[PDB]
Each structure stands twice: as structure tokens, then as C-alpha cells.
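One file, my_file11.csv, is given below (CSV, C-alpha atoms).
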```csv
chain,number,residue,atom,x,y,z
A,25,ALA,CA,103.3,70.8,64.3
A,26,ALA,CA,99.5,71.0,64.5
A,27,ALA,CA,98.2,71.4,68.1
A,28,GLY,CA,95.1,69.3,67.7
A,29,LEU,CA,92.4,69.3,70.4
A,30,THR,CA,88.8,68.0,70.5
A,31,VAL,CA,85.9,70.3,71.3
A,32,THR,CA,82.2,69.6,71.2
A,33,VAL,CA,80.5,72.6,69.7
A,34,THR,CA,76.7,72.7,70.1
A,35,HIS,CA,74.2,75.1,68.6
A,36,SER,CA,70.6,75.1,67.3
A,37,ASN,CA,70.1,71.4,68.1
A,38,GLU,CA,73.2,70.7,66.0
A,39,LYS,CA,76.4,69.3,67.4
A,40,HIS,CA,79.9,68.7,66.0
A,41,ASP,CA,83.0,67.0,67.6
A,42,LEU,CA,85.6,69.2,66.0
A,43,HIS,CA,89.3,68.3,66.1
A,44,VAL,CA,90.7,71.8,65.8
A,45,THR,CA,94.3,72.9,65.8
A,46,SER,CA,96.2,76.2,66.0
A,47,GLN,CA,96.7,77.8,62.6
A,48,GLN,CA,97.8,81.4,63.1
A,49,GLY,CA,101.3,80.8,64.3
A,50,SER,CA,100.2,80.0,67.9
A,51,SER,CA,101.5,77.0,69.9
A,52,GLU,CA,98.0,76.2,71.1
A,53,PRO,CA,94.5,76.8,69.7
A,54,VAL,CA,93.2,80.3,70.6
A,55,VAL,CA,90.0,82.4,70.3
A,56,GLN,CA,91.1,83.7,66.9
A,57,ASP,CA,91.6,80.1,65.6
A,58,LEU,CA,88.2,78.9,67.0
A,59,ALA,CA,86.4,82.0,65.7
A,60,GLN,CA,88.0,81.4,62.2
A,61,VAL,CA,86.8,77.7,62.3
A,62,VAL,CA,83.3,78.8,63.4
A,63,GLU,CA,83.1,81.4,60.7
A,64,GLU,CA,84.2,78.9,58.1
A,65,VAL,CA,81.7,76.3,59.2
A,66,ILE,CA,78.8,78.8,59.7
A,67,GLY,CA,79.7,82.4,59.0
A,68,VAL,CA,78.7,84.2,62.2
A,69,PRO,CA,80.7,87.4,62.7
A,70,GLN,CA,83.0,87.6,65.7
A,71,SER,CA,81.0,90.7,66.8
A,72,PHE,CA,77.8,88.9,67.8
A,73,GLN,CA,78.8,85.3,68.0
A,74,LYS,CA,78.8,83.9,71.5
A,75,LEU,CA,81.1,81.1,72.5
A,76,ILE,CA,80.4,79.7,76.0
A,77,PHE,CA,82.8,77.3,77.8
A,78,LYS,CA,82.1,76.1,81.4
A,79,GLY,CA,80.0,79.1,82.0
A,80,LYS,CA,82.9,81.5,81.3
A,81,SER,CA,82.2,84.4,79.1
A,82,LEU,CA,84.4,85.0,76.0
A,83,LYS,CA,85.1,88.7,75.7
A,84,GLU,CA,88.8,88.9,75.1
A,85,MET,CA,89.8,87.9,71.6
A,86,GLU,CA,93.4,87.0,72.6
A,87,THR,CA,92.7,84.9,75.7
A,88,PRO,CA,94.0,81.3,75.1
A,89,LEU,CA,91.3,78.9,75.8
A,90,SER,CA,93.8,76.0,76.0
A,91,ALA,CA,95.2,77.8,79.0
A,92,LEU,CA,91.7,78.6,80.2
A,93,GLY,CA,91.0,74.9,80.5
A,94,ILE,CA,89.7,73.3,77.3
A,95,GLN,CA,90.7,69.6,77.2
A,96,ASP,CA,89.5,66.6,75.3
A,97,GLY,CA,85.8,65.9,75.9
A,98,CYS,CA,85.0,69.5,76.7
A,99,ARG,CA,81.8,71.0,75.2
A,100,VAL,CA,81.1,74.6,74.2
A,101,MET,CA,77.9,76.4,73.3
A,102,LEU,CA,77.5,78.6,70.2
A,103,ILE,CA,75.0,81.3,70.3
A,104,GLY,CA,73.9,83.4,67.3
A,105,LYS,CA,72.0,83.3,64.0
A,106,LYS,CA,73.4,81.6,60.8
A,107,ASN,CA,74.0,84.5,58.4
A,108,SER,CA,74.1,83.9,54.7
A,109,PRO,CA,75.3,87.2,53.0
B,304,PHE,CA,72.7,67.4,90.2
B,305,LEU,CA,75.1,64.9,91.7
B,306,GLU,CA,78.7,66.0,91.0
B,307,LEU,CA,80.9,63.0,90.6
B,308,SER,CA,84.0,61.8,88.7
B,309,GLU,CA,84.4,60.3,85.2
B,310,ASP,CA,86.0,57.1,86.6
B,311,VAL,CA,82.6,55.5,86.7
B,312,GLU,CA,81.4,53.5,83.7
B,313,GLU,CA,79.2,55.3,81.1
B,314,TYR,CA,79.7,58.5,83.0
B,315,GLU,CA,78.8,60.7,80.0
B,316,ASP,CA,75.3,59.1,79.8
B,317,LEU,CA,74.8,59.2,83.5
B,318,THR,CA,75.6,62.9,83.8
B,319,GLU,CA,73.5,63.6,80.7
B,320,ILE,CA,70.4,61.8,82.0
B,321,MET,CA,71.0,63.4,85.4
B,322,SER,CA,71.2,66.7,83.5
B,323,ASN,CA,67.9,66.1,81.8
B,324,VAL,CA,69.4,66.9,78.4
B,325,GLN,CA,67.0,64.3,76.8
B,326,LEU,CA,64.1,65.5,79.0
B,327,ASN,CA,63.0,68.0,76.4
B,328,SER,CA,63.5,65.7,73.4
B,329,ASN,CA,61.5,62.9,75.1
B,330,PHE,CA,58.8,65.3,76.3
B,331,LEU,CA,58.3,66.8,72.8
B,332,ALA,CA,58.3,63.3,71.3
B,333,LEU,CA,55.6,62.1,73.6
B,334,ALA,CA,53.6,65.3,73.1
B,335,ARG,CA,53.7,64.7,69.4
B,336,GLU,CA,52.8,61.0,69.9
B,337,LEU,CA,49.7,62.1,71.9
B,338,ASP,CA,49.2,64.7,69.1
B,339,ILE,CA,49.2,67.3,71.9
B,340,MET,CA,51.6,69.8,70.3
B,341,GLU,CA,49.3,72.3,68.6
B,342,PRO,CA,49.8,75.7,70.2
B,343,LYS,CA,46.5,76.3,72.1
B,344,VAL,CA,45.5,80.0,71.6
B,345,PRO,CA,44.7,81.9,74.8
B,346,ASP,CA,41.7,83.3,72.9
B,347,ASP,CA,39.9,80.0,72.4
B,348,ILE,CA,40.8,79.1,76.0
B,349,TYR,CA,38.9,82.3,76.9
B,350,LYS,CA,36.0,81.2,74.7
B,351,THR,CA,35.4,84.7,73.3
B,352,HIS,CA,32.2,83.7,71.5
B,353,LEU,CA,30.4,86.5,73.3
B,367,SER,CA,43.2,96.2,78.2
B,368,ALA,CA,47.0,96.3,78.4
B,369,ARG,CA,47.0,94.2,81.5
B,370,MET,CA,44.4,91.9,80.1
B,371,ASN,CA,46.5,91.4,77.0
B,372,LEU,CA,49.5,90.7,79.3
B,373,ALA,CA,47.5,88.0,81.1
B,374,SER,CA,46.6,86.5,77.7
B,375,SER,CA,50.3,86.4,76.8
B,376,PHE,CA,51.2,84.9,80.2
B,377,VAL,CA,48.6,82.1,79.9
B,378,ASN,CA,49.7,81.4,76.3
B,379,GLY,CA,53.2,80.9,77.7
B,380,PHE,CA,51.9,78.7,80.4
B,381,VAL,CA,50.0,76.5,77.9
B,382,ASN,CA,53.0,76.3,75.5
B,383,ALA,CA,55.6,76.0,78.3
B,384,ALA,CA,58.5,73.5,77.8
B,385,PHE,CA,57.4,73.2,74.1
B,386,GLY,CA,59.2,76.0,72.3
B,387,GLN,CA,56.7,75.9,69.5
B,388,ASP,CA,54.7,79.2,69.5
B,389,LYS,CA,54.8,81.7,66.7
B,390,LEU,CA,52.6,84.2,68.6
B,391,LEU,CA,55.7,85.5,70.4
B,392,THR,CA,58.2,84.3,67.8
B,393,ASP,CA,57.2,85.8,64.4
B,394,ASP,CA,55.3,88.9,65.5
B,395,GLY,CA,56.7,88.9,69.1
B,396,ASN,CA,58.5,92.1,68.5
B,397,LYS,CA,55.2,93.7,67.3
B,398,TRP,CA,53.4,92.3,70.4
B,399,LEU,CA,55.9,93.7,72.9
B,400,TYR,CA,56.0,97.0,71.0
B,401,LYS,CA,52.2,97.1,71.2
B,402,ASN,CA,52.5,96.2,74.9
B,403,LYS,CA,52.5,99.0,77.5
B,404,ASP,CA,54.6,100.0,80.5
B,405,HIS,CA,56.1,97.2,82.5
B,406,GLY,CA,54.8,94.1,80.7
B,407,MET,CA,57.5,93.6,78.1
B,408,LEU,CA,59.8,91.9,80.7
B,409,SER,CA,57.1,89.4,81.6
B,410,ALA,CA,56.2,88.8,77.9
B,411,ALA,CA,59.8,87.9,77.2
B,412,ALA,CA,59.9,85.8,80.4
B,413,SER,CA,56.8,84.0,79.2
B,414,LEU,CA,58.5,83.3,75.9
B,415,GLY,CA,61.3,81.7,77.9
B,416,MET,CA,58.7,79.7,79.7
B,417,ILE,CA,57.6,78.4,76.3
B,418,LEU,CA,61.3,77.5,75.7
B,419,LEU,CA,62.2,76.2,79.1
B,420,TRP,CA,64.2,73.0,79.2
B,421,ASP,CA,65.0,73.7,75.5
B,422,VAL,CA,68.6,74.9,75.9
B,423,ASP,CA,69.7,74.8,72.3
B,424,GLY,CA,66.5,76.0,70.6
B,425,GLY,CA,65.7,78.5,73.4
B,426,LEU,CA,69.1,80.2,73.4
B,427,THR,CA,69.1,80.8,69.6
B,428,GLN,CA,65.5,82.1,69.6
B,429,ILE,CA,66.3,84.4,72.5
B,430,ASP,CA,69.6,85.7,71.2
B,431,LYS,CA,67.9,88.1,68.8
B,432,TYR,CA,65.7,89.5,71.7
B,433,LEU,CA,68.8,89.9,73.9
B,434,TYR,CA,70.0,92.9,71.9
B,435,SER,CA,66.5,94.6,72.2
B,436,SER,CA,66.3,98.3,72.8
B,437,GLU,CA,64.0,98.6,75.8
B,438,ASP,CA,65.5,97.8,79.2
B,439,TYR,CA,62.4,95.8,80.1
B,440,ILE,CA,62.7,93.6,77.0
B,441,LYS,CA,66.4,93.1,77.6
B,442,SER,CA,65.8,92.1,81.2
B,443,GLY,CA,62.9,89.8,80.1
B,444,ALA,CA,65.2,88.2,77.6
B,445,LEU,CA,67.8,87.6,80.2
B,446,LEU,CA,65.1,86.1,82.5
B,447,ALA,CA,64.0,84.0,79.6
B,448,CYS,CA,67.5,82.6,79.3
B,449,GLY,CA,67.5,81.7,83.0
B,450,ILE,CA,64.1,80.0,82.7
B,451,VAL,CA,65.4,78.1,79.6
B,452,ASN,CA,68.4,76.8,81.5
B,453,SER,CA,66.3,76.3,84.7
B,454,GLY,CA,65.9,72.7,85.9
B,455,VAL,CA,67.9,71.2,83.0
B,456,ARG,CA,71.6,70.9,83.6
B,457,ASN,CA,74.2,71.6,81.0
B,458,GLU,CA,77.9,70.6,80.6
B,459,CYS,CA,79.1,74.1,79.7
B,460,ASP,CA,76.3,75.9,81.7
B,461,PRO,CA,75.6,78.7,79.2
B,462,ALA,CA,73.6,80.8,81.7
B,463,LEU,CA,76.7,81.7,83.8
B,464,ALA,CA,78.5,83.1,80.8
B,465,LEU,CA,75.4,84.7,79.2
B,466,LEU,CA,74.7,86.6,82.5
B,467,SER,CA,78.1,88.3,82.9
B,468,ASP,CA,77.5,92.0,82.9
B,469,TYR,CA,73.8,91.8,83.9
B,470,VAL,CA,74.6,89.8,87.1
B,471,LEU,CA,75.7,93.1,88.8
B,472,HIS,CA,74.5,95.5,86.2
B,473,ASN,CA,73.7,99.0,87.6
B,474,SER,CA,70.2,99.1,86.0
B,475,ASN,CA,67.7,97.7,88.4
B,476,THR,CA,65.5,95.9,85.9
B,477,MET,CA,68.4,94.3,84.0
B,478,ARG,CA,70.0,93.2,87.3
B,479,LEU,CA,66.7,91.8,88.5
B,480,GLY,CA,66.2,89.7,85.3
B,481,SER,CA,69.7,88.3,85.4
B,482,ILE,CA,69.5,87.5,89.2
B,483,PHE,CA,66.2,85.7,88.9
B,484,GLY,CA,67.5,83.8,85.8
B,485,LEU,CA,70.6,82.7,87.6
B,486,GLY,CA,68.5,81.6,90.6
B,487,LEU,CA,66.2,79.5,88.5
B,488,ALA,CA,69.2,78.1,86.6
B,489,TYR,CA,71.4,77.2,89.6
B,490,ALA,CA,68.3,76.1,91.6
B,491,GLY,CA,69.6,73.0,93.4
B,492,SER,CA,73.0,73.1,91.7
B,493,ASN,CA,74.6,74.4,94.9
B,494,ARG,CA,77.4,75.6,92.7
B,495,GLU,CA,80.3,77.3,94.6
B,496,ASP,CA,81.1,79.6,91.7
B,497,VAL,CA,77.5,80.7,91.2
B,498,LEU,CA,77.2,81.3,95.0
B,499,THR,CA,80.5,83.2,95.1
B,500,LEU,CA,79.3,85.4,92.2
B,501,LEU,CA,75.7,86.1,93.4
B,502,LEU,CA,76.3,86.7,97.1
B,503,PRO,CA,78.6,89.7,96.3
B,504,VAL,CA,75.6,91.0,94.3
B,505,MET,CA,73.5,90.4,97.4
B,506,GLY,CA,76.1,92.6,99.2
B,507,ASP,CA,75.5,95.5,96.8
B,508,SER,CA,74.0,98.7,98.4
B,509,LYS,CA,73.0,100.5,95.2
B,510,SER,CA,70.3,97.9,94.5
B,511,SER,CA,66.8,98.6,95.7
B,512,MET,CA,65.0,96.8,98.5
B,513,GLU,CA,63.1,94.6,96.2
B,514,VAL,CA,66.3,93.9,94.2
B,515,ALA,CA,68.0,92.8,97.4
B,516,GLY,CA,65.0,90.6,98.1
B,517,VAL,CA,65.2,89.0,94.6
B,518,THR,CA,68.9,88.4,95.2
B,519,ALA,CA,68.0,86.6,98.5
B,520,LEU,CA,65.3,84.6,96.6
B,521,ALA,CA,67.9,83.5,94.0
B,522,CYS,CA,70.4,82.6,96.7
B,523,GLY,CA,67.8,80.7,98.6
B,524,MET,CA,66.6,78.7,95.6
B,525,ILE,CA,70.2,78.0,94.6
B,526,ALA,CA,71.3,76.8,98.1
B,527,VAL,CA,68.0,75.2,99.1
B,528,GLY,CA,68.4,72.6,101.8
B,529,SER,CA,72.1,73.2,102.1
B,530,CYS,CA,72.6,75.1,105.4
B,531,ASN,CA,75.0,77.5,103.5
B,532,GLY,CA,76.5,79.3,106.4
B,533,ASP,CA,78.0,82.2,104.4
B,534,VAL,CA,74.7,82.7,102.6
B,535,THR,CA,72.9,83.0,106.0
B,536,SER,CA,75.6,85.3,107.4
B,537,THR,CA,75.3,87.6,104.3
B,538,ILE,CA,71.5,87.5,104.7
B,539,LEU,CA,71.7,88.5,108.4
B,540,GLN,CA,74.4,91.1,107.7
B,541,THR,CA,72.3,92.7,104.9
B,542,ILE,CA,69.3,92.8,107.2
B,543,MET,CA,71.3,94.5,109.9
B,544,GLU,CA,72.8,97.0,107.6
B,545,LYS,CA,69.4,97.9,106.1
B,546,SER,CA,67.5,100.2,108.5
B,547,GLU,CA,64.5,98.6,110.2
B,548,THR,CA,62.0,101.3,109.3
B,549,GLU,CA,62.6,100.9,105.5
B,550,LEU,CA,63.1,97.1,106.1
B,551,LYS,CA,59.6,96.3,107.3
B,552,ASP,CA,57.6,98.1,104.7
B,553,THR,CA,56.5,95.6,102.0
B,554,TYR,CA,59.5,93.8,100.5
B,555,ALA,CA,61.9,92.4,103.1
B,556,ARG,CA,59.8,89.3,103.2
B,557,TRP,CA,62.2,87.5,100.8
B,558,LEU,CA,65.2,87.4,103.2
B,559,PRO,CA,63.4,84.9,105.6
B,560,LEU,CA,62.3,82.9,102.6
B,561,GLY,CA,65.9,82.5,101.5
B,562,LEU,CA,66.8,81.5,105.1
B,563,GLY,CA,64.0,78.9,105.1
B,564,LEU,CA,65.1,77.5,101.8
B,565,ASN,CA,68.7,77.2,102.8
B,566,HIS,CA,67.7,75.3,106.0
B,567,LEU,CA,64.8,73.4,104.3
B,568,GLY,CA,64.0,70.1,105.9
B,569,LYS,CA,66.6,70.3,108.6
B,570,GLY,CA,65.1,71.7,111.8
B,571,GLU,CA,66.7,71.8,115.3
B,572,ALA,CA,69.5,74.1,114.3
B,573,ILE,CA,67.0,76.9,113.5
B,574,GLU,CA,67.3,78.0,117.2
B,575,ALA,CA,70.7,79.5,116.3
B,576,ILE,CA,69.3,81.4,113.4
B,577,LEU,CA,66.3,82.8,115.3
B,578,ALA,CA,68.6,83.7,118.3
B,579,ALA,CA,70.8,85.6,115.9
B,580,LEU,CA,67.7,87.2,114.3
B,581,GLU,CA,66.3,88.1,117.8
B,582,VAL,CA,67.8,91.6,117.6
B,583,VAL,CA,65.3,92.5,114.8
B,584,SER,CA,62.3,94.5,115.8
B,585,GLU,CA,59.0,92.7,116.4
B,586,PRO,CA,57.0,93.6,113.2
B,587,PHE,CA,59.5,91.8,110.9
B,588,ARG,CA,61.2,89.4,113.3
B,589,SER,CA,57.9,87.8,114.3
B,590,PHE,CA,57.3,87.2,110.6
B,591,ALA,CA,60.8,86.1,109.6
B,592,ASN,CA,61.4,83.6,112.4
B,593,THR,CA,58.0,82.0,111.8
B,594,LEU,CA,58.7,81.7,108.1
B,595,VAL,CA,62.2,80.2,108.4
B,596,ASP,CA,60.9,77.8,111.1
B,597,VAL,CA,58.0,76.5,109.1
B,598,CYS,CA,60.1,76.1,105.9
B,599,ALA,CA,62.7,74.2,107.8
B,600,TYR,CA,60.2,71.9,109.5
B,601,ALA,CA,58.1,71.4,106.3
B,602,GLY,CA,57.0,67.8,105.7
B,603,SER,CA,57.3,66.7,109.3
B,604,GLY,CA,53.8,66.8,110.7
B,605,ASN,CA,54.9,68.7,113.9
B,606,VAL,CA,51.6,69.2,115.7
```
What does this structure look like when you write it as C-alpha cells?
Amino acid sequence: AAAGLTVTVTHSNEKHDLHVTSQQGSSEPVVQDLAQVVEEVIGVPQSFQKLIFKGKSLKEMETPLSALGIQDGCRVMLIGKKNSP
Amino acid sequence: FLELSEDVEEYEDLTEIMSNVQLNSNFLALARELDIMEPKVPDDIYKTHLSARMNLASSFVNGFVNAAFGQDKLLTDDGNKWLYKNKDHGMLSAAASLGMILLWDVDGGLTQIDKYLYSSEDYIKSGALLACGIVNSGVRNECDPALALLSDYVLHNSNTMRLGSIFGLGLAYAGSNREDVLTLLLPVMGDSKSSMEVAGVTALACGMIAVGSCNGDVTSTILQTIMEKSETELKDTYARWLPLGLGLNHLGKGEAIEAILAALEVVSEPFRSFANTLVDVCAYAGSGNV
């Protein structure tokens, strides 16, 4: 029952076409799931990481981006510094 | 930017090359091929073989030389030390100069300005936000990071922070003619708490965004803001940006300017005689009207 969706994450001249799916019991991928994937791939904390989609700011952690308008072929911008604790 | 549908063939490449995404990569590649990449120091430009404002000018010319490159350690490694050593009002311009170095470099510029975004001084924060707008200026982006990045600062109460965000959005959406950007910045134009020069900068941003578009609501907001502002405080030294926005919005059109000047005829002579002439010449630019 994986709700797969394709997003093009771009940051620091580095781009990935991630097929991410909802994991934390949600019917659609959400900000929590995307933040978890970003933290697993890189490790930027949710406090200072900046995800940008269509010029819309990501401030609410519970806002579903699938409802906000992410579809296949959409691209998002990742802003932050890769932290290696 | 031409806004079209994906039904056309190879639409992704067409919108990318229209967005100038590969502009920066090609420009750096050719600069390296010419070997013209080395950051030229402002000092050996000055030929010093034989002060706060002078150091500021040195930082500005360094940014001018290294513009669109993004390769300058002078404001990257010890940049925080340089701005800390800098005095008074120049930290905003130093950070904007760093954004000038990083212009058209979306990915690299945003990461190297993210650290300076959380700076302590209001001038450094505003300069960082203006640096972001310079970085995204000219080059178009699919997700348009500038709009989301400038979220609280677009109408932020602090004058300097609002000024940096507004100028950044103006440089970014310059020629985009984006309805969302216009519908978000024109209400900022309608703010009364902002200073006279802040209102002028909002008009400048609106004019450069809606240049050559004859945006009626932008013009109505410009005229309404001029009317609401009292004439005595209008005509001092800074209302000269409102006619500039009008001229940009009606750039290269002509003829219809009679309606704008007739509406503006209510203004007193000292500023009306300046504003109507400015909007007229900007609208009739490139025509040879003897």
C-alpha cells in the first residue's frame, strides 16, 4: 500500500529523482515522511532544513504536500548545510 | 519567460534553456576555458604600489569583478570577519555584493547564503535576503526558491529587512510578470507603516516585475498610494521611484500615457512635472520621437 510519488530534489549542484512513499501510517506522502527521507539521505535537522516547492514556504510540519500540489515531474529545492555529527 | 504547456515536444529542455539554468554552467565553463576564472583582487585593480566607505567600495568592486562566478573566498571564508570589521550601513551592501558574485548560481548561491541568512545584524540579514534575490534574478527556476525564501521578510515590520526582501523579489520576478508575485508585493506596496523610501523601493520592484505589461492594478495602486501620501512629504527626495514604476509598466507602449498623465494631473507641479515627463520618456523610449 505504498503511495509512491516522484519528486526531483535539488541542492548544492546535486540532484536526485526520488520515488518516495508514505511510511508513517499516512495515505499520502507528507512533510514528516519527506523530512525523514531527507535526513536519512543527508542528515539536515528539520529545524534549519528548508524545503521549497513552487515558491511555497514549508513551515507547517503536518501540511500534506500531496494535497498542496506535488505530482510527478515536480521539483523541490533543499537549502541547508550537510551536517556530519 | 514564456509560460506554456507541456504538450509541446521536449518541453523540459525548452523551459530549462528559457530559464537559463545552464547559463551559469556554460558561463563558468567558458570562463575556465579562457582561463579567466582567478578572482581578481580589488587591491591589484587599485594598483596600490604607492576608510570604512573606501573598504566598502573595495568590497563592491570585488563583487562586480567576481559577479556571476560564485568563486571568491574573500567574502566566503573570512566574510563574517569582513562584515564584522565593516561599519554602520555597509554590511547589507557587502552581503548583496556576495550575492552579486553568486548571481545566476541558484544551487551554489543559496547554500552559501543560507549560513548568512541567520546572521545577527539586521543589515546582514537584509543583505543576505537581497543576495538571494540577486542570485535568483534573471535565471528562472522551476520551483522558484525566492518566493518561499522571502516569506516573512516580504512584509516584515523592520524597514531594512523588508527593503532587502522587496528588492530581491523585484530582481527575481523581473520580467516574470507573475500573478502570484504581483498579488503578494502590491499589498506590501499598500502598507502605510513602511517609510517613503521603502514605498519607493516597492514601486521599483513592482515596476521591474511588471515592466512593459500595462498592469492596470499596479498603476492604480501606484496612483492611490501617491494620493494617500501627502504632497509636502511626497516631493522631498524619494517619491521619484513611483513614476519610474509607471514608466516601466508602460515601457515601449506610448499613446495610452495620456490617460495616466491625466489621472496624475491632480498632483502639484513640483512632482507632477517630474513624474509625467519620466513616465512619458520611459514609455516612448526607443522610438526616436523628435
Each chain B residue no farther than 8 Å from chain A, nearest pair in Å, only C-alpha atoms, as CSV:
```
residue,atom,partner,partner_atom,distance
B:423,CA,A:36,CA,5.1
B:424,CA,A:36,CA,5.3
B:426,CA,A:103,CA,6.8
B:427,CA,A:104,CA,5.9
B:430,CA,A:104,CA,6.2
B:431,CA,A:104,CA,7.8
B:458,CA,A:99,CA,6.7
B:459,CA,A:78,CA,4.0
B:460,CA,A:79,CA,4.9
B:461,CA,A:79,CA,5.2
B:462,CA,A:79,CA,6.6
B:463,CA,A:79,CA,4.6
B:464,CA,A:81,CA,4.3
B:465,CA,A:81,CA,6.8
B:467,CA,A:81,CA,6.8
```
Leaving out residue 542 of chain B and any residue of its chain fewer than 4 positions from it, which residues lie within 12 Å of it when counting all atoms listed in the file, given as number ranges by chain? B: 505-506, 508, 512, 515-516, 519, 535-538, 546-551, 554-559, 562, 579-584, 587-588, 591
When you draw a straight line from atom CA of residue 479 of chain B to atom CA of residue 466 of chain B, how long is it in Å?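 A separation of 11.3 Å between them.
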Could you work out how far atom CA of residue 417 of chain B lies from atom CA of residue 560 of chain B, giving the answer in Å with one decimal? 27.1 Å
Please compute the atom CA of residue 490 of chain B-atom CA of residue 447 of chain B distance, one decimal, in Å. 15.0 Å
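Taking only C-alpha atoms, the non-local environment of residue 595 of chain B within 10 Å (same-chain residues fewer than 2 positions away omitted) comprises residues 558, 559, 560, 561, 562, 563, 564, 565, 566, 567, 570, 573, 576, 577, 590, 591, 592, 593, 597, 598, 599, 600 and 601 of chain B.
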Every residue with an atom at most 7 Å from (68.6, 78.3, 79.7) (file coordinates; all atoms listed in the file) is what I'm after, so could you write them as a PyMOL selection string? chain B and resi 419-420+422+425-426+448-453+462+488
Please determine the residues with any atom at most 10 Å from (90.9, 66.4, 79.0) (coordinates as given in the file, with all atoms listed in the file counting) and report them as a PyMOL selection string. chain A and resi 29-31+93-98
Those selected residues, please, written with C-alpha atoms and delivered as a PDB file, in the coordinates of the input.
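Written file, part.pdb:
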```pdb
ATOM      1  CA  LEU A  29      92.400  69.300  70.400  1.00  0.00           C
ATOM      2  CA  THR A  30      88.800  68.000  70.500  1.00  0.00           C
ATOM      3  CA  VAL A  31      85.900  70.300  71.300  1.00  0.00           C
ATOM      4  CA  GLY A  93      91.000  74.900  80.500  1.00  0.00           C
ATOM      5  CA  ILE A  94      89.700  73.300  77.300  1.00  0.00           C
ATOM      6  CA  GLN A  95      90.700  69.600  77.200  1.00  0.00           C
ATOM      7  CA  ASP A  96      89.500  66.600  75.300  1.00  0.00           C
ATOM      8  CA  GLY A  97      85.800  65.900  75.900  1.00  0.00           C
ATOM      9  CA  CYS A  98      85.000  69.500  76.700  1.00  0.00           C
TER      10      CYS A  98
END
```
Residue contacts of segment 42-59 of chain A (8 Å, only C-alpha atoms) excluding same-chain residues fewer than 2 positions away, as a ChimeraX atom specification: /A:26-33,40,61-63,70,85-90
Grab the residues selected above and save them as a JSON list (two decimals), in the coordinates of the input with C-alpha atoms.
```json
[["chain", "number", "residue", "atom", "x", "y", "z"],
["A", 26, "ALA", "CA", 99.50, 71.00, 64.50],
["A", 27, "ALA", "CA", 98.20, 71.40, 68.10],
["A", 28, "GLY", "CA", 95.10, 69.30, 67.70],
["A", 29, "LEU", "CA", 92.40, 69.30, 70.40],
["A", 30, "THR", "CA", 88.80, 68.00, 70.50],
["A", 31, "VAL", "CA", 85.90, 70.30, 71.30],
["A", 32, "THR", "CA", 82.20, 69.60, 71.20],
["A", 33, "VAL", "CA", 80.50, 72.60, 69.70],
["A", 40, "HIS", "CA", 79.90, 68.70, 66.00],
["A", 61, "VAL", "CA", 86.80, 77.70, 62.30],
["A", 62, "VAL", "CA", 83.30, 78.80, 63.40],
["A", 63, "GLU", "CA", 83.10, 81.40, 60.70],
["A", 70, "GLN", "CA", 83.00, 87.60, 65.70],
["A", 85, "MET", "CA", 89.80, 87.90, 71.60],
["A", 86, "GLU", "CA", 93.40, 87.00, 72.60],
["A", 87, "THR", "CA", 92.70, 84.90, 75.70],
["A", 88, "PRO", "CA", 94.00, 81.30, 75.10],
["A", 89, "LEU", "CA", 91.30, 78.90, 75.80],
["A", 90, "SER", "CA", 93.80, 76.00, 76.00]]
```
How close does each residue of segment 379-475 of chain B get to segment 353-371 of chain B, giving the shortest atom pair and distance in Å to one decimal for every residue with an atom at most 8 Å away, counting only C-alpha atoms, sorted by chain and residue number, as a tab-separated table?
```
residue	atom	partner	partner_atom	distance
B:402	CA	B:368	CA	6.5
B:403	CA	B:368	CA	6.2
B:406	CA	B:369	CA	7.8
```
Requested write-out: C-alpha atoms of the selected residues, as a JSON list (two decimals), in the frame of the given file:
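The resulting file, out_16.json, is shown below:
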```
[["chain", "number", "residue", "atom", "x", "y", "z"],
["B", 402, "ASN", "CA", 52.50, 96.20, 74.90],
["B", 403, "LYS", "CA", 52.50, 99.00, 77.50],
["B", 406, "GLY", "CA", 54.80, 94.10, 80.70]]
```
